[PDB]
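A.B. asks: Just passing along the structure, written as structure tokens.
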Amino acid sequence: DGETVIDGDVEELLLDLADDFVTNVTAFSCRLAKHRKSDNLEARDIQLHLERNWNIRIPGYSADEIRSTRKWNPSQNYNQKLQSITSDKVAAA
Amino acid sequence: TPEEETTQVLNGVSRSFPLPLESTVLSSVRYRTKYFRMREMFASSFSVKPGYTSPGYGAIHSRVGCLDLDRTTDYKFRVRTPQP
Amino acid sequence: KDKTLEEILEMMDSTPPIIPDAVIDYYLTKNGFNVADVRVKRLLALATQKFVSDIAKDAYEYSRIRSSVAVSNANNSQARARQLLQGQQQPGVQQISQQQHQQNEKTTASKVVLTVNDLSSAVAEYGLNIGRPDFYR
Amino acid sequence: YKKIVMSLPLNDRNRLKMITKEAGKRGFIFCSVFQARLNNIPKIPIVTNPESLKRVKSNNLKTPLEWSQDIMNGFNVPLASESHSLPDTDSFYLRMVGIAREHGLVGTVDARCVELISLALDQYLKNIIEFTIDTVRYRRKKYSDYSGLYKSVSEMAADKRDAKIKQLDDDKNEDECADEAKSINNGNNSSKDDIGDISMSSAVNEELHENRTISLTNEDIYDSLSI
Amino acid sequence: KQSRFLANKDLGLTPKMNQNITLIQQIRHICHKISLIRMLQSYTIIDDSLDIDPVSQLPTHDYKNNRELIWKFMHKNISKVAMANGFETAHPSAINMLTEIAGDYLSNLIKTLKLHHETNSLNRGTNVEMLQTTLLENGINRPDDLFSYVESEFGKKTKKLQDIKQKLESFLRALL
Amino acid sequence: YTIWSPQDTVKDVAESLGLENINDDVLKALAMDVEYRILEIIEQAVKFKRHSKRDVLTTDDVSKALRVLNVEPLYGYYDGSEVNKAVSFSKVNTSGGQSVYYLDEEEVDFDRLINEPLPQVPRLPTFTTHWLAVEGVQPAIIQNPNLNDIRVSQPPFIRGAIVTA
Amino acid sequence: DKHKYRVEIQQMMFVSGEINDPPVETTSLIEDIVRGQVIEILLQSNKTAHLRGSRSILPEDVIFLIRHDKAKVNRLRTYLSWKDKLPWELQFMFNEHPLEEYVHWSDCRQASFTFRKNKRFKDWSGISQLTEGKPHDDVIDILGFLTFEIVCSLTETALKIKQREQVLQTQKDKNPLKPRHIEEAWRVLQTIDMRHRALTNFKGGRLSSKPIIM
Amino acid sequence: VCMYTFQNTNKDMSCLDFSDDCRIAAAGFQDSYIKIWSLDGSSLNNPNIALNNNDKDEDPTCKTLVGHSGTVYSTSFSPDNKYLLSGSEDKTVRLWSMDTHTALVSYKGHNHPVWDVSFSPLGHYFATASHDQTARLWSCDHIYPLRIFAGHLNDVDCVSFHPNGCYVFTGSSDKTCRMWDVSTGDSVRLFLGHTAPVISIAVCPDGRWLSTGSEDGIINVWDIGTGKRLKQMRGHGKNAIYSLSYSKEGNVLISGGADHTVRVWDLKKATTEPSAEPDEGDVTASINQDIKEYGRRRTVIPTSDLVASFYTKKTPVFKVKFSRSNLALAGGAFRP
Amino acid sequence: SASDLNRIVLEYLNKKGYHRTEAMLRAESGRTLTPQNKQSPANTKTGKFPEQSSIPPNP
Amino acid sequence: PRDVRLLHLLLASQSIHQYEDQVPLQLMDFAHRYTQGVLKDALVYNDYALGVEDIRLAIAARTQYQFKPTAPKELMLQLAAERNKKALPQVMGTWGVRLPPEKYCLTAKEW
């Protein structure tokens, strides 16, 4: 169905894009590795930073510790207040 | 009285200004590296003529930051300046 | 054979979509690009209609899953059709209506409500994030 | 004053709070010149804390004389705009260790996160190039279950930079792709970074017709044109 | 004087959508009778000829390019398609958000086709290729699925609601 | 603190996630940054208000400070018969130890939304000219003001200093 | 740990294309991909089923996550026909309803992921780790069928991109699957559809989304 | 002052402009039109003797221009008066021919909304203001910009040339304005002293004095040589000063703002040029702002430079355009 | 804080290479107003049109 | 509500006395979504390693792509200096408005 090729100005543009992408990933990954109170720059920092923000979703290098599973169900005060809101919404009618 | 309470509430709202806790300065890789490279060439080229000391550390010979090993979340730090 | 675009415009020559001409004309002259072909207007009307049919259908799935009454009606559909078929003439009523009253005041008092907390999840599938809180404190 | 109807139904705890706030709650900075200065300067990690000093002395990590050399060697990498090719493992390693010495990490950079960075760049540029490719063309055989050859230009990578604008870092790179990637037809692009001067239209100056041979500044730019 | 809005109101997809809507409504009515049978065993029809008034159809009024009349016709033609799925009651804010979403989708379609028409790149597509890639880059991945949707919603759903009506009518004849 | 919330608003979203107990330093710094972002929306909103040649801050003046600041759009703040301040702040209190307001809304049928008639549309724009001044005084036609009812209408910070030739 | 399901992964690879004794790394990567996909399926299904108000995950609650692929749920319905009515359907809106190696090719298809018992599956995938209730009525059979489909489709597209990389390599200068083939097959299978992107294209903000399950 | 009041614009008419000979008016709407009015009641159809067909259409002596996809925030007429330049919030500036009523060229160099386009004096090349804190110099034959004017802290609101077309003046929302060299690009002057977003700027036909108005209702004048303040002007309400215009021969400033007034200012009172005061009193002078019923601190006190103020009765003035013969034109929309 | 700004200005000129007489004369040039040009809008007796020489402007 | 009138006082503190009704509702529904996303990403970053530096990481993760960038004047000055290297082209001298070439104008196009 056809071959698409690239031109030189687009090559300089995409190479500058990649050149800034590298530093923008590793500068936040260094902050995560320092937030983990360590000194080495492991691969879980980079995989977490690319999973949460860019969602590139690289298959497993350390992607079993990165995969954190919370259910995001609310507290007991919040379901109480939702009961109060539903009670007023049914007592209004 | 509600009058002094209202004027002191409006005095309180007129004094609160927020700053952001995290602001990412819009900059580049390439202009930062080229600034560093040109400053390294022209810093290694000339001399300092100090009063007592010169700025820089090993193989920098310019104004270099003094970020600590801890407190990496601090907003300011010291720099090097030729002290007489 | 998958229809070419010329066949689609040749069929839009005969069958106009739901969204009429002047709505497409207002959105055209609101976005620039004045076009004088009626079949491109009908094609964009059909495209917007199909996209919101998909969004409202996914909202219908999200609103039929998140209610216990709908999944219980789908589970006990023919099981209660048995009770309705055994609901013959008046000799034969005493052995039924042990479960009919509760789901009778559930299924006949339940109308399907297109809700903000349903559409926000049906378009969070599509890329949005419509975060409306439930109270304001 | 005149806001008695509105400032009164705030509760007593809220008003007793909001008659106390002031300026001087923080330790921040807000001078943007100084923020740009601290984002510009290269910083080396030092040690004053004794527990961290014994923690960095035990794991055989060195004094700041090595981290300053590591800053310089991470900066001196031929970054990928100059080489016109995607970087390799040693360039990745040296740049990432220089960045990690900038942020404070005095440890060692792992050897698998470099390959992770490589695959990250792979999928990033593949996403960008694919959503530029499927806009100049409608691939009929693809996107279906039953013309020639096109080159993507910089105007196209500006045109689908905005029709799908979410695909970028939103850093300097997208700013320069929006600001400087489009060129007017007298732009003189196939150049040698200096031939767009005005004096290269007006005649190479010759040499040494003088006892003291001091020349003019319009000849110095012809001298630097050759290099 | 008939306004330009009510021109194609009976021309091929509005009668089919109206047949879908009245089949949904008149098999939502047999269920009320059988639910009444369950209780003893213990309608507001559509109208599309609504015009504005003849005074606002005068050429001294901008009856074609103001926000509120187009917003009301979008509201009507989106509530006409949010009930072909099965909804029968909605919050106002839900239809307001759905009309905003349809407006932004149609504006993005016209903006993408506009950007493909007036680009100064060295490779502009032809008349049909720009339409195909502006259908591709937002919504439908091929042109043909539109004809599938007209097949799916007005050729398949109508016989589905029709034989559900026939089976429920035979069931009501078999009950009493 | 600052004026957004100590805990009374941010903490009721912290509980909406599921997070039970967090320190007040977290809520202080977090609410300070949240209302800094609110002011950052407000400043681009007043910029769009000024360049749209208006005096109120309509809902489409903050909805264009969103696209500029790349914020995901807040859909559902524009409805039929778009008038200036289409009054819709009917938020209903709910009791307890503190206050809870939940924004009641009445459900409606579809067949009273399709069988509902279309509103009035005004005339298309025209202009009309007159003389504001002929030599530096105002000729007092019906189209001119009276210069003494300008006192009783507007305060001198939205009408400025009256002087005449 | 890992490497629990290696022989069964090889058995499911054999049905799609040629086997040629795939290495330890390809089987390990397919195991970690399937172990991630099962956790994402259980998290999304538990989030959907808790808001109904029942911690027991229903059989239709996991078919909810694959409701778009009508051919695949028809395949699931035919797969549930040898064990000797969806809530979102068109009929179920309304309240009331009326009344020589071919044998070796086949036995690999009868070999499944969790066919024997859910003993190694429950502590490998961690069924009890994230589920608040007791879901096991038919969630394990669907969670076996989904992983069989995931491995089949994943090795199918990995085979096709290995063949296309082979023809690209023999055209540039002029047998086993590797981790790079599985990773680019994952990149092919994890691209978001165009209709699930249309409403964020002209506004510039980083698209946060969910991992697409097969 | 001849005031052009536009009636049926439901708060969706942005800043307008009049041409020179005052025959065409251009108003940018919030729904992506440019509306073109013949101010003489003329045909505005440009037949040119062809007379082919189409009297079946409705011409209300007014043409609409639909090329934008965002809201038009500024609009500028060429001194040739045959072309129109419309800047929108979709990130283009478009060019329109005023004698066939179509679009000619799209101009794409911004990534934020465009707020103030303005031609040159000689019509050579136009400058542009936008939200990205930079002004851009263009040319009508080049699709992409020629200079980038960067150096402001907030975004640029207004733009104007020196009357020779050799410097550029940009005012910005960080309470300052700048004078830019048009060739080297770098700023030559920075004028400090305001307390609000500078919204309209204008430089006198002499060229030695710069005047601008902020959103604090205070006009002020500097001289471009010293760069410091000669004096200010304190008669407008604490509100926006939408437009600004100059006397053709001499210095009399006409300010049409947001407080529904059009005010007249003597530039040469407190300077070293007194400009020929009369030799020999009034009753209304110094008693109008000596009423002060609202309070001393809650009222405005005008400078000695303000002489007259024409109120418009509930319509605001978007545009003041001083014609050649001591007749100014104001323009705005009837607000309720 | 304006006398400190004056001192910062004087030290800036001293370090950026302005002689004491040269800095004094540039200060005195900066203080006095722009005088009056009698041909201010270029009156049509002693004023000329701009050149149409196809070059861009240069201050 | 307390935050509707607190937003009234906030809007009045920056001299905004005319606005519509749903504008504090829009500000509250922005602040809810922003704080919910920030606290969810901060719960992720605290399970990784709550506290204030955790919130700082979670609001530095999303400062990088949506809101107004910080101190952009020196990058814009560098970019301006890259554009203001080229001297200005030759202009027409026939005192009018010159168009681009005909293919670079919106006229030779077809529907």
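Ligands are numbered from 1 in the order shown, chains are lettered A, B, ... in the order of the structure tokens, and residues start at 1 in each chain.
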For the interface of chain J with chain I (cut-off 8 Å, counting only C-alpha atoms), please tabulate each contacting residue of chain J alongside its nearest pair of atoms and their separation in Å to one decimal, rows sorted by chain and increasing number, as a tab-separated table.
C.D. replies:
residue	atom	partner	partner_atom	distance
J:88	CA	I:56	CA	6.3
J:89	CA	I:56	CA	6.8
J:90	CA	I:55	CA	5.1
J:91	CA	I:54	CA	5.0
J:92	CA	I:54	CA	5.2
J:93	CA	I:52	CA	4.6
J:94	CA	I:52	CA	7.0
J:95	CA	I:52	CA	7.7
A.B. asks: Give as an mmCIF file with N, CA and C atoms, in the first residue's frame every residue of chain H that touches chain I within 8 Å, counting only C-alpha atoms.
C.D. replies:
data_model
loop_
_atom_site.group_PDB
_atom_site.id
_atom_site.type_symbol
_atom_site.label_atom_id
_atom_site.label_comp_id
_atom_site.auth_asym_id
_atom_site.auth_seq_id
_atom_site.Cartn_x
_atom_site.Cartn_y
_atom_site.Cartn_z
ATOM 1 N N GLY H 165 7.726 53.328 10.411
ATOM 2 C CA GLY H 165 7.808 51.897 10.186
ATOM 3 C C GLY H 165 9.166 51.313 10.489
ATOM 4 N N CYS H 166 9.809 51.766 11.562
ATOM 5 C CA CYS H 166 11.220 51.480 11.777
ATOM 6 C C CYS H 166 11.459 50.945 13.184
ATOM 7 N N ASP H 181 13.902 47.369 18.006
ATOM 8 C CA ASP H 181 14.508 47.541 16.693
ATOM 9 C C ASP H 181 13.932 46.521 15.719
ATOM 10 N N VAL H 182 13.527 46.981 14.531
ATOM 11 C CA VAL H 182 12.843 46.094 13.590
ATOM 12 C C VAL H 182 13.810 45.207 12.824
ATOM 13 N N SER H 183 15.108 45.516 12.844
ATOM 14 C CA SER H 183 16.092 44.778 12.066
ATOM 15 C C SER H 183 16.909 43.816 12.916
ATOM 16 N N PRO H 205 2.399 61.681 16.008
ATOM 17 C CA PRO H 205 2.974 61.940 14.676
ATOM 18 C C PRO H 205 4.272 62.728 14.695
ATOM 19 N N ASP H 206 4.558 63.468 15.769
ATOM 20 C CA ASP H 206 5.903 63.992 15.980
ATOM 21 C C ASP H 206 6.902 62.849 16.120
ATOM 22 N N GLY H 207 6.558 61.827 16.896
ATOM 23 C CA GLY H 207 7.405 60.678 17.079
ATOM 24 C C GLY H 207 8.251 60.711 18.330
ATOM 25 N N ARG H 208 8.355 61.864 18.992
ATOM 26 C CA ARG H 208 9.202 61.976 20.171
ATOM 27 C C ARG H 208 8.513 61.539 21.452
ATOM 28 N N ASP H 223 8.792 60.195 26.938
ATOM 29 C CA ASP H 223 9.542 60.571 25.754
ATOM 30 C C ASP H 223 10.566 59.487 25.458
ATOM 31 N N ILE H 224 10.741 59.187 24.172
ATOM 32 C CA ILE H 224 11.509 58.016 23.781
ATOM 33 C C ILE H 224 13.011 58.236 23.950
ATOM 34 N N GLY H 225 13.462 59.488 24.026
ATOM 35 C CA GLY H 225 14.880 59.734 24.238
ATOM 36 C C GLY H 225 15.311 59.462 25.667
ATOM 37 N N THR H 226 14.670 60.127 26.628
ATOM 38 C CA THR H 226 14.993 59.919 28.034
ATOM 39 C C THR H 226 14.449 58.590 28.545
ATOM 40 N N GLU H 249 -2.521 66.959 13.096
ATOM 41 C CA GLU H 249 -1.478 67.976 13.142
ATOM 42 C C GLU H 249 -1.468 68.557 14.549
#
A.B. asks: Please compute the atom CA of residue 23 of chain B-atom CA of residue 11 of chain F distance, one decimal, in Å.
C.D. replies: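 For atom CA of residue 23 of chain B relative to atom CA of residue 11 of chain F, the distance reads 23.6 Å.
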A.B. asks: Do a neighbour search on residue 63 of chain J at 10 Å with only C-alpha atoms, toss out local chain neighbours closer than 6 positions, and write the hits as a list in words.
C.D. replies: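 That gives residues 22, 23, 24 and 25 of chain B; 57, 69 and 70 of chain J.
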A.B. asks: Do you have, as CSV, the list of residues of chain D lying at most 8 Å from chain A, each with its nearest atom pair and that distance in Å to one decimal, counting only C-alpha atoms and ordered by chain then number?
C.D. replies:
residue,atom,partner,partner_atom,distance
D:79,CA,A:19,CA,6.9
D:80,CA,A:19,CA,5.8
D:81,CA,A:16,CA,5.4
D:84,CA,A:12,CA,6.7
D:85,CA,A:15,CA,7.3
D:86,CA,A:15,CA,7.1
D:96,CA,A:26,CA,6.8
D:99,CA,A:27,CA,6.8
D:100,CA,A:30,CA,6.1
D:103,CA,A:30,CA,6.6
D:104,CA,A:34,CA,8.0
D:105,CA,A:39,CA,5.0
D:106,CA,A:39,CA,5.8
D:107,CA,A:39,CA,4.5
D:108,CA,A:40,CA,4.9
D:109,CA,A:41,CA,4.8
D:110,CA,A:42,CA,5.4
D:112,CA,A:43,CA,6.4
D:113,CA,A:43,CA,4.5
D:116,CA,A:43,CA,7.3
D:117,CA,A:22,CA,7.2
D:119,CA,A:58,CA,7.9
D:120,CA,A:56,CA,7.2
D:121,CA,A:18,CA,6.5
D:123,CA,A:56,CA,7.2
D:124,CA,A:56,CA,7.8
D:125,CA,A:18,CA,7.4
D:133,CA,A:4,CA,6.8
D:139,CA,A:1,CA,6.1
D:140,CA,A:1,CA,7.2
D:141,CA,A:1,CA,6.4
D:142,CA,A:1,CA,7.9
D:147,CA,A:2,CA,6.5
D:148,CA,A:2,CA,5.7
D:149,CA,A:3,CA,5.3
D:150,CA,A:4,CA,5.1
D:151,CA,A:5,CA,4.6
D:152,CA,A:6,CA,5.1
D:153,CA,A:7,CA,6.2
D:154,CA,A:10,CA,5.3
D:157,CA,A:10,CA,7.1
D:169,CA,A:21,CA,6.6
D:171,CA,A:20,CA,7.6
D:172,CA,A:20,CA,7.6
D:173,CA,A:17,CA,5.2
D:174,CA,A:17,CA,7.5
D:177,CA,A:13,CA,6.8
D:181,CA,A:13,CA,7.7
A.B. asks: Which residues of chain J come within 10 Å of chain E, and for each one, what is the closest pair of atoms and their distance in Å to one decimal, counting only C-alpha atoms, sorted by chain and residue number, as a tab-separated table?
C.D. replies:
residue	atom	partner	partner_atom	distance
J:103	CA	E:120	CA	8.2
J:104	CA	E:120	CA	6.4
J:105	CA	E:118	CA	8.6
J:106	CA	E:118	CA	6.6
J:107	CA	E:118	CA	9.5
J:109	CA	E:117	CA	7.8
J:110	CA	E:127	CA	7.6
J:111	CA	E:127	CA	6.6
A.B. asks: Based on the backbone DSSP call, show me all residues of chain A assigned helix (DSSP H, G or I), as number ranges by chain.
C.D. replies: A: 8-35, 43-52, 76-91
A.B. asks: Applying 7 Å and only C-alpha atoms, which residues near residue 195 of chain G remain after dropping the ones on its own chain fewer than 3 positions away? List them as a PDB file with C-alpha atoms, in the first residue's frame.
C.D. replies:
ATOM      1  CA  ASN E 138     -10.784  11.318  14.249  1.00  0.00           C
ATOM      2  CA  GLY E 139     -13.403   8.630  14.067  1.00  0.00           C
ATOM      3  CA  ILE E 140     -14.208   5.817  11.673  1.00  0.00           C
TER       4      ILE E 140
ATOM      5  CA  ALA G 198     -10.982  11.309  18.775  1.00  0.00           C
TER       6      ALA G 198
END
A.B. asks: Pull out every residue of chain F that has at least one atom within 12 Å of chain G, counting only C-alpha atoms, and report them as a PyMOL selection string.
C.D. replies: chain F and resi 64+66-73
A.B. asks: Which polymer residues have any atom within 10 Å of an atom of residue 39 of chain E, counting only C-alpha atoms, with same-chain residues fewer than 6 positions away left out, as number ranges by chain?
C.D. replies: C: 97, 100-101, 104-105, 108; E: 33
A.B. asks: Restrict the distance test to only C-alpha atoms, flag each residue of chain F within 9 Å of chain H, and return the flagged residues as a PyMOL selection string.
C.D. replies: chain F and resi 47+50-55+68+122-138+143-147+150+155-165
A.B. asks: Between atom CA of residue 46 of chain J and atom CA of residue 24 of chain F, what is the distance in Å, rounded to a tenth?
C.D. replies: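 Atom-to-atom, atom CA of residue 46 of chain J and atom CA of residue 24 of chain F are spaced 16.7 Å apart.
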A.B. asks: Should the cut-off be 6 Å, what would the residue list for chain A against chain F look like, counting only C-alpha atoms, as a ChimeraX atom specification?
C.D. replies: /A:72-75
A.B. asks: Could you pull out the strand (DSSP E) residues of segment 62-311 of chain H, going by DSSP on the backbone, and write them as an mmCIF file with C-alpha atoms, in the first residue's frame?
C.D. replies:
data_model
loop_
_atom_site.group_PDB
_atom_site.id
_atom_site.type_symbol
_atom_site.label_atom_id
_atom_site.label_comp_id
_atom_site.auth_asym_id
_atom_site.auth_seq_id
_atom_site.Cartn_x
_atom_site.Cartn_y
_atom_site.Cartn_z
ATOM 1 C CA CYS H 62 -23.194 43.774 4.503
ATOM 2 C CA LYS H 63 -20.808 40.919 3.719
ATOM 3 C CA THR H 64 -19.730 38.072 5.992
ATOM 4 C CA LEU H 65 -16.302 36.426 5.878
ATOM 5 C CA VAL H 72 -11.555 36.854 16.014
ATOM 6 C CA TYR H 73 -9.849 39.020 18.618
ATOM 7 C CA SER H 74 -8.329 41.722 16.404
ATOM 8 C CA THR H 75 -8.630 43.089 12.866
ATOM 9 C CA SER H 76 -6.593 45.678 10.959
ATOM 10 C CA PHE H 77 -7.060 47.561 7.689
ATOM 11 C CA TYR H 83 -7.082 44.226 2.143
ATOM 12 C CA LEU H 84 -8.156 43.153 5.616
ATOM 13 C CA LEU H 85 -6.026 41.352 8.202
ATOM 14 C CA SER H 86 -7.918 39.307 10.801
ATOM 15 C CA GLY H 87 -6.269 37.704 13.832
ATOM 16 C CA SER H 88 -8.111 34.904 15.610
ATOM 17 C CA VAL H 93 -3.823 35.394 10.864
ATOM 18 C CA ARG H 94 -5.812 35.515 7.646
ATOM 19 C CA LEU H 95 -5.843 38.003 4.783
ATOM 20 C CA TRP H 96 -9.030 39.035 2.987
ATOM 21 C CA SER H 97 -9.550 40.904 -0.264
ATOM 22 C CA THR H 102 -12.727 35.869 0.030
ATOM 23 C CA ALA H 103 -9.643 34.756 1.911
ATOM 24 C CA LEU H 104 -6.258 34.956 0.228
ATOM 25 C CA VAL H 105 -3.431 33.900 2.580
ATOM 26 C CA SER H 106 -3.234 32.113 5.931
ATOM 27 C CA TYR H 107 -0.318 33.126 8.163
ATOM 28 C CA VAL H 114 -3.589 36.145 18.340
ATOM 29 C CA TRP H 115 -4.654 39.337 20.090
ATOM 30 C CA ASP H 116 -3.425 42.381 18.124
ATOM 31 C CA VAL H 117 -2.503 42.513 14.452
ATOM 32 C CA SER H 118 -1.386 45.853 12.968
ATOM 33 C CA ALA H 127 3.341 43.009 13.490
ATOM 34 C CA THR H 128 1.382 40.623 15.694
ATOM 35 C CA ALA H 129 0.707 40.150 19.421
ATOM 36 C CA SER H 130 -0.133 36.818 21.049
ATOM 37 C CA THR H 134 6.324 37.223 22.089
ATOM 38 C CA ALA H 135 5.506 39.622 19.305
ATOM 39 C CA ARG H 136 6.258 38.548 15.752
ATOM 40 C CA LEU H 137 7.149 40.607 12.695
ATOM 41 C CA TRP H 138 5.764 39.334 9.414
ATOM 42 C CA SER H 139 5.485 40.297 5.761
ATOM 43 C CA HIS H 142 5.878 35.459 3.460
ATOM 44 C CA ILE H 143 3.838 32.722 5.141
ATOM 45 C CA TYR H 144 6.098 32.515 8.205
ATOM 46 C CA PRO H 145 7.544 35.279 10.455
ATOM 47 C CA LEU H 146 10.668 37.380 9.999
ATOM 48 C CA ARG H 147 11.465 38.566 13.521
ATOM 49 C CA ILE H 148 10.582 37.338 17.001
ATOM 50 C CA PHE H 149 10.215 40.018 19.669
ATOM 51 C CA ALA H 150 10.917 38.225 22.951
ATOM 52 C CA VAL H 156 1.723 40.929 24.693
ATOM 53 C CA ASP H 157 -1.607 42.769 24.469
ATOM 54 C CA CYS H 158 -1.117 45.679 22.043
ATOM 55 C CA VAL H 159 1.270 46.369 19.169
ATOM 56 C CA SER H 160 2.026 49.492 17.120
ATOM 57 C CA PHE H 161 4.747 50.831 14.854
ATOM 58 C CA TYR H 167 10.531 50.626 15.422
ATOM 59 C CA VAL H 168 7.876 48.437 17.024
ATOM 60 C CA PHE H 169 6.059 49.213 20.275
ATOM 61 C CA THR H 170 4.591 46.348 22.301
ATOM 62 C CA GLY H 171 2.696 46.649 25.573
ATOM 63 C CA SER H 172 2.258 43.640 27.806
ATOM 64 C CA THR H 176 5.335 47.559 30.979
ATOM 65 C CA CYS H 177 5.948 48.212 27.297
ATOM 66 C CA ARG H 178 8.966 48.029 25.027
ATOM 67 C CA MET H 179 10.420 49.547 21.872
ATOM 68 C CA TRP H 180 12.041 47.031 19.514
ATOM 69 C CA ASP H 181 14.508 47.541 16.693
ATOM 70 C CA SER H 187 14.647 45.772 22.595
ATOM 71 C CA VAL H 188 15.785 49.373 22.571
ATOM 72 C CA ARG H 189 13.490 50.850 25.243
ATOM 73 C CA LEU H 190 11.722 49.508 28.315
ATOM 74 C CA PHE H 191 9.151 51.856 29.857
ATOM 75 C CA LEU H 192 8.328 51.259 33.526
ATOM 76 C CA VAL H 198 -1.096 47.990 29.158
ATOM 77 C CA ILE H 199 -3.969 47.555 26.716
ATOM 78 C CA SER H 200 -3.655 50.305 24.069
ATOM 79 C CA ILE H 201 -0.526 52.110 22.860
ATOM 80 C CA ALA H 202 -0.057 54.942 20.356
ATOM 81 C CA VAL H 203 2.889 57.130 19.345
ATOM 82 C CA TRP H 209 6.434 61.103 22.659
ATOM 83 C CA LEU H 210 4.803 57.753 23.410
ATOM 84 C CA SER H 211 1.374 57.455 25.028
ATOM 85 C CA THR H 212 -0.328 54.380 26.388
ATOM 86 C CA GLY H 213 -3.310 53.384 28.474
ATOM 87 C CA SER H 214 -3.625 50.561 30.969
ATOM 88 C CA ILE H 219 -2.940 57.095 30.459
ATOM 89 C CA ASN H 220 0.664 58.219 30.579
ATOM 90 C CA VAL H 221 3.201 59.741 28.216
ATOM 91 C CA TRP H 222 6.948 59.161 28.099
ATOM 92 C CA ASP H 223 9.542 60.571 25.754
ATOM 93 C CA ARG H 229 7.784 59.862 32.403
ATOM 94 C CA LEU H 230 6.802 63.377 31.417
ATOM 95 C CA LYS H 231 3.318 63.133 32.952
ATOM 96 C CA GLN H 232 0.221 60.963 33.264
ATOM 97 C CA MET H 233 -3.528 61.332 32.719
ATOM 98 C CA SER H 245 -6.065 58.158 18.796
ATOM 99 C CA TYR H 246 -4.069 61.269 17.980
ATOM 100 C CA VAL H 252 -4.576 66.252 21.259
ATOM 101 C CA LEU H 253 -5.232 62.721 22.523
ATOM 102 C CA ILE H 254 -8.641 61.087 22.093
ATOM 103 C CA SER H 255 -9.204 58.126 24.420
ATOM 104 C CA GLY H 256 -12.197 55.840 23.963
ATOM 105 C CA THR H 261 -16.843 57.914 27.594
ATOM 106 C CA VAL H 262 -14.616 59.391 24.904
ATOM 107 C CA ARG H 263 -12.205 61.834 26.504
ATOM 108 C CA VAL H 264 -10.019 64.634 25.159
ATOM 109 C CA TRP H 265 -6.508 65.270 26.495
ATOM 110 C CA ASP H 266 -4.028 68.127 26.116
ATOM 111 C CA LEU H 306 -8.396 66.579 30.670
ATOM 112 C CA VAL H 307 -10.699 69.114 29.005
ATOM 113 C CA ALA H 308 -13.819 67.262 27.822
ATOM 114 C CA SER H 309 -15.531 63.896 28.054
ATOM 115 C CA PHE H 310 -18.430 62.730 25.883
ATOM 116 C CA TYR H 311 -20.499 59.941 27.406
#
A.B. asks: Give the residues of chain D that lie within 12 Å of chain C; count only C-alpha atoms, and format the answer as a PDB file with C-alpha atoms, in the first residue's frame.
C.D. replies:
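Output contents, as saved in iface-v3.pdb:
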ATOM      1  CA  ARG D 140      -6.828   1.319   2.045  1.00  0.00           C
ATOM      2  CA  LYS D 141      -5.419  -2.197   2.498  1.00  0.00           C
ATOM      3  CA  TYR D 143      -7.560  -0.287   8.458  1.00  0.00           C
ATOM      4  CA  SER D 144      -9.778  -2.801   6.656  1.00  0.00           C
ATOM      5  CA  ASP D 145     -10.612  -6.491   6.332  1.00  0.00           C
ATOM      6  CA  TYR D 146     -11.677  -6.492   2.645  1.00  0.00           C
ATOM      7  CA  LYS D 166      -0.851  15.193  22.913  1.00  0.00           C
TER       8      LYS D 166
END
A.B. asks: Could you list the residues in chain E lying within 8 Å of chain G, using only C-alpha atoms, and format the result as number ranges by chain?
C.D. replies: E: 27-28, 31, 34-35, 85-86, 101, 104-105, 108, 136-141, 164, 167-168, 171
